[PDB]
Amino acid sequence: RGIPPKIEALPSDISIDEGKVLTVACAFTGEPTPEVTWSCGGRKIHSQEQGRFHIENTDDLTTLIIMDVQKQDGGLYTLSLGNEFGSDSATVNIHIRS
């Protein structure tokens, strides 16, 4: 009959060295499958097929990938989920290390 979305696991903080690939994964649940939005600074992140930012969404996992991570990529990344029955949201603090 419908189950609102829930983010089941997302880390609160991640530190990665400058220049590496960062991968941030999150498992979620919901019926129907929730729509997934990643954002940073009130702006939605979109996959770039020939760029550094990529989002891979399956029916219960979403992954943010940032290739060759730079200091400018650091910040608070929010995952938001929504379906007909509700919404959820959580933030991960991404730190880029020298």
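So that the term is clear: the rigid core is the largest set of C-alpha atoms that superpose within 1.5 Å between two forms. Residue indices: 1-based, along the sequence shown.
- In summary, of the stretches 44-52 and 58-66, 44-52 shows the greater Cα distance from the shown form in 6 other deposited structures of this protein, with structures fitted on the rigid core.
- Per the PDB record, of the two stretches 30-38 and 45-53, 45-53 carries the greater mean B-factor over its C-alpha atoms.
- Annotation for 73-81 versus 7-15: the higher mean temperature factor (C-alpha) is found in 7-15.
- Residue 21: CA B factor in the middle third of modelled residues in this chain (values from the PDB entry).
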